Undergrad: 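The structure under discussion is supplied below as structure tokens; questions concerning it will follow.
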Amino acid sequence: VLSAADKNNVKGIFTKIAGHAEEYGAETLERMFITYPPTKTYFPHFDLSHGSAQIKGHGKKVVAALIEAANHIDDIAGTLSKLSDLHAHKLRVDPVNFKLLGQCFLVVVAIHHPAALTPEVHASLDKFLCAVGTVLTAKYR
Amino acid sequence: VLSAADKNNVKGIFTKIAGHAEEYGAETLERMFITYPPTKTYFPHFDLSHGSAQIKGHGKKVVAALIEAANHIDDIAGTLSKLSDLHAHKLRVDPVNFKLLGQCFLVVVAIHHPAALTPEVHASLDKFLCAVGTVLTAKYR
Amino acid sequence: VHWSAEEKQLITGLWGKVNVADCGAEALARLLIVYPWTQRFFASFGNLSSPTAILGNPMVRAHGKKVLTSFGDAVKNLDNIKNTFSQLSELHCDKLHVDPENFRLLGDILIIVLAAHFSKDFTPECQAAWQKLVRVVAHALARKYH
Amino acid sequence: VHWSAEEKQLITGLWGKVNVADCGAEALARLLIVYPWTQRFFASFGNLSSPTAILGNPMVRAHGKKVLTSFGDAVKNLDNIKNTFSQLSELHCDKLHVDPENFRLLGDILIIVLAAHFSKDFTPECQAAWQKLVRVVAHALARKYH
Ligand code: HEM
Ligand code: HEM
Ligand code: HEM
Ligand code: HEM
């Protein structure tokens with residue numbers, strides 16, 4: 001699973017994101033909603049006009065959930081379990097989408113921290129995100 | 001993470017799998033190599049003619065690793081840990097192949113015990129074959 | 001896609017033995033049971049709240065029948081599978097947003113279902129001939145994304 | 001696929017500023033360190049037994065260059081993309097057996113390398129277009145498979 005290098009690389013850039021949750025959160029979702037349109041279908045309650053409260057507010061949520069799985073990293077399922085029931089049983093988020101958000105968040109970090117997102121770091125971060133995608137898809141599996 | 005139901009649905013069909021490990025796991029391999037011809041790339045040292053001793057002997061091991069994992073179902077990662085050095089590091093399998101085998105094993109069961117392979121059980125067996133793939137690949141990620 | 005003459009027969013001969021009604025009901029039922037996420041495409045059918053409600057549902061049964069009847073249009077017309085599925089491509093690809101990975105998951109499921117109903121008749125050759133009709137079908141469905 | 005005029009003038013503009021060599025070497029450097037199974041298609045390159053090795057590798061570096069030069073053959077002719085990659089479709093699928101998912105995986109990586117290069121210049125709109133292009137190349141490359 002998440003190796004010493006993984007569990008340290010992933011904290012690496014996540015400590016370099018911090019006072020940037022709301023900013024990095026919302027930019028990921030916008031890139032998601034535009035680079036991939038059909039992902040907006042999960043947000044009809046939502047105003048998806050650029051930099052709108054609910055994108056910014058919930059982007060702030062997503063990262064607080066990303067960064068909080070990065071701190072309680074031994075039990076990644078234990079810290080984000082409540083968002084499995086939600087994403088998997090209630091909202092029936094297709095797994096093909098966690099991939100797509102992953103891509104987007106990764107694109108954020110490589111915009112504001114290119115030097116930080118080295119091949120090695122990219123790779124740990126992929127595993128973590130994909131450890132997260134996998135958890136929130138669990139309310140079947 | 002498999003539920004309590006998953007584990008009983010999985011133990012059920014597998015208690016019907018034991019006693020036929022060699023012929024089953026040799027069937028799942030041929031149908032793989034024939035319904036999915038590029039997967040023969042990883043067996044270049046094998047005679048993949050019908051019912052050769054290697055397919056039969058490898059087929060035994062695979063399905064035996066499967067039942068060893070089916071039992072120690074709480075720690076699949078711990079029971080199949082060298083199998084991860086083997087498929088991830090040593091052998092380098094596109095992760096897309098484990099899904100290719102898991103599906104071939106699933107046809108094997110539907111052929112041999114249709115009235116055990118019940119939507120509910122089919123659903124559980126797949127989460128399992130899916131956590132098995134994931135562990136044997138989780139020596140990349 | 002090229003089709004052998006052995007591939008044709010494996011397909012033509014097997015299709016003529018399918019219970020289209022019962023074959024579709026199960027492949028769609030399980031699609032929903034193994035991939036609960038896909039049910040968000042079928043709230044129109046309502047009760048999919050349990051593996052049994054899905055099996056009990058007349059509209060899920062009825063739909064599966066229709067879905068599989070489609071696969072048959074592919075079996076019928078293996079040279080023309082690209083056009084046969086163009087109007088449905090349009091629907092699944094432009095009106096429904098169905099992620100193409102799901103035509104593969106349906107495909108696989110038929111196989112398992114097709115397995116379940118033929119047993120040893122479903123020879124590895126056959127399975128191969130079909131997974132490959134299933135694969136071509138799922139391609140042709142996604143042709144409106146590219 | 002039908003392209004936008006805004007889309008073309010976003011691909012076009014962005015391309016003329018990418019280090020096809022640097023940006024080239026680094027998308028394969030990464031395809032191979034974030035997804036190390038793909039090294040099996042690259043034993044000829046030799047030492048791929050560490051990130052560093054993958055990065056310094058003369059042959060990988062020259063490969064990434066050529067893979068990216070290749071995306072640019074698409075940038076140039078977007079209404080002919082599939083014809084352009086037809087001969088490479090025979091190679092990656094018929095002769096190489098690269099699962100088409102890996103084309104997707106190289107694309108997703110090019111995007112991160114390109115995000116890397118330009119940063120903020122690489123806007124959601126630009127990303128979206130460069131995702132689309134990547135999708136269509138990967139698709140013209142798997143065409144042989146279908
Ligand atoms: C990295 C993976 C993801 C993380 C960490 C994450 C995080 C979260 C969190 C923490 C919430 C709770 C929001 C709240 O309490 O207001 C949430 C809700 C939600 N997420 Fe996810 N999410 C992820 C992936 C996705 C994906 C891929 C989609 C679909 C494209 C999605 C769609 C939604 C929707 C529709 C809600 C409810 C939003 C609302 O009603 O305000 N999420 N997510
Ligand atoms: C359910 C998932 C799988 C299980 C449980 C499994 C099981 C095993 C086991 C137990 C061995 C070691 C046997 C020994 O010590 O002789 C092995 C080796 C091997 N596996 Fe798998 N395997 C799985 C999936 C795959 C897949 C998807 C591929 C590629 C398509 C693959 C290709 C190989 C190869 C080439 C060997 C070399 C062993 C030999 O030399 O005979 N395996 N596997
Ligand atoms: C390649 C496999 C598939 C084939 C051959 C197929 C074929 C069909 C057919 C024949 C119809 C009926 C047209 C009508 O009555 O309007 C249909 C409709 C539909 N399909 Fe599929 N389909 C496939 C995969 C999927 C998948 C995987 C999903 C969801 C994950 C899906 C979701 C739907 C929905 C929501 C409808 C409309 C249902 C309604 O409004 O009654 N399809 N498709
Ligand atoms: C989808 C984006 C891709 C593009 C545009 C692309 C393009 C190319 C090009 C231009 C060549 C030149 C062949 C030569 O110089 O001999 C090539 C060869 C090759 N490709 Fe790719 N490729 C892509 C994806 C992939 C992926 C994902 C893999 C495997 C993970 C792969 C494996 C190979 C291999 C093994 C060769 C031959 C290498 C050699 O013999 O030096 N390709 N490709």
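The sequence lines fix the lettering, A, B, ..., with proteins before strands; numbering per chain opens at 1. Read the numbers this way: they start at 1 and go in the same order the structure lists the ligands and their atoms.
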Undergrad: Any N/O/S of B/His87 under 2.8 Å from atom 21 (Fe) of ligand 2?
TA: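 Coordinating: yes.
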Undergrad: Are D/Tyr35 and B/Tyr140 near enough that their ring centres are under 6.0 Å apart?
TA: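 Not close enough - the centres of the two rings lie 6.0 Å or further apart.
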Undergrad: Do any side-chain atoms of residues 69-82 of chain D form donor-acceptor pairs under 3.5 angstrom with protein atoms, and if so which ones, sequence neighbours left out?
TA:
| unit_1 | atom_1 | unit_2 | atom_2 | d |
| --- | --- | --- | --- | --- |
| D/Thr69 | OG1 | D/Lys65 | O | 2.9 |
| D/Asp73 | OD1 | D/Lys76 | NZ | 2.9 |

Undergrad: Give me the nearest non-hydrogen protein atom to atom 5 (C) of ligand 2 as residue plus atom name, then the distance to 0.1 Å.
TA: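 Sorting protein heavy atoms by distance from atom 5 (C) of ligand 2 puts B/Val62 O, 3.8 Å first.
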Undergrad: So, D/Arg143 side chain and D/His139 main chain: donor-acceptor pair closer than 3.5 Å or not?
TA: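 No: the side chain of D/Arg143 does not pair with the backbone of D/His139.
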Undergrad: Tell me whether ligand 2 is touched by B/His45 - counting only heavy atoms on the residue side and a distance under 4.0 Å.
TA: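 Judged by the 4.0 Å heavy-atom criterion, B/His45 does count as contacting ligand 2.
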Undergrad: Considering heavy atoms of the protein only, find what lies nearest to atom 40 (O) of ligand 4 and give residue, atom and distance to 0.1 Å.
TA: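 Atom 40 (O) of ligand 4 sits closest to the protein heavy atom D/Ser44 OG, 4.8 Å.
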Undergrad: Taking NZ, NE, NH1 and NH2 as the nitrogens, is one of them in B/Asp126 or B/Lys99 under 4.0 Å from a carboxylate oxygen of the other?
TA: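 No, this pair does not count.
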Undergrad: Report the part of C/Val134 in contact with ligand 3, treating N, CA, C, O as backbone and CB onward as side chain, heavy atoms under 4.0 Å; options are side chain, backbone, both, neither.
TA: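 No part of C/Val134 comes within reach of ligand 3.
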Undergrad: Of all the atoms in ligand 4, which lie at a distance below 4.0 Å from a heavy atom belonging to D/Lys66?
TA: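 Listed by number with element, the hits are 10 (C).
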Undergrad: Can a non-hydrogen atom of B/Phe46 be found less than 4.0 Å from any atom of ligand 2?
TA: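 Within the 4.0 Å threshold, so yes.
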Undergrad: Under 4.0 Å, heavy-atom basis, I'd like to know which part of C/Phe42 is in contact with ligand 3: side chain, backbone, both or neither.
TA: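 Contact part for C/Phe42 vs ligand 3: side chain (C-beta onward).
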Undergrad: What atoms of ligand 2 come within less than 4.0 Å of a heavy atom belonging to B/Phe43?
TA: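 This gives 32 (C), 33 (C), 34 (C), 35 (C) as the contact atoms.
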Undergrad: Does D/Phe85 have a heavy atom less than 4.0 Å from any atom of ligand 4?
TA: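 Yes, D/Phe85 has heavy atoms under 4.0 Å from ligand 4.
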Undergrad: Given D/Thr69, D/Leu68, D/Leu110, D/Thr38, which has its nearest heavy atom closest to atom 30 (C) of ligand 4?
TA: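 Looking at heavy atoms only, D/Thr38 sits closest to atom 30 (C) of ligand 4.
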Undergrad: Of D/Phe45, D/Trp37, D/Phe103, which has the heavy atom at the shortest distance from atom 1 (C) of ligand 4?
TA: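 It is D/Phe103 whose heavy atom sits nearest to atom 1 (C) of ligand 4.
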Undergrad: Protein N/O/S atoms under 2.8 Å of atom 21 (Fe) of ligand 3?
TA: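 Protein N/O/S atoms under 2.8 Å of atom 21 (Fe) of ligand 3: C/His92 NE2.
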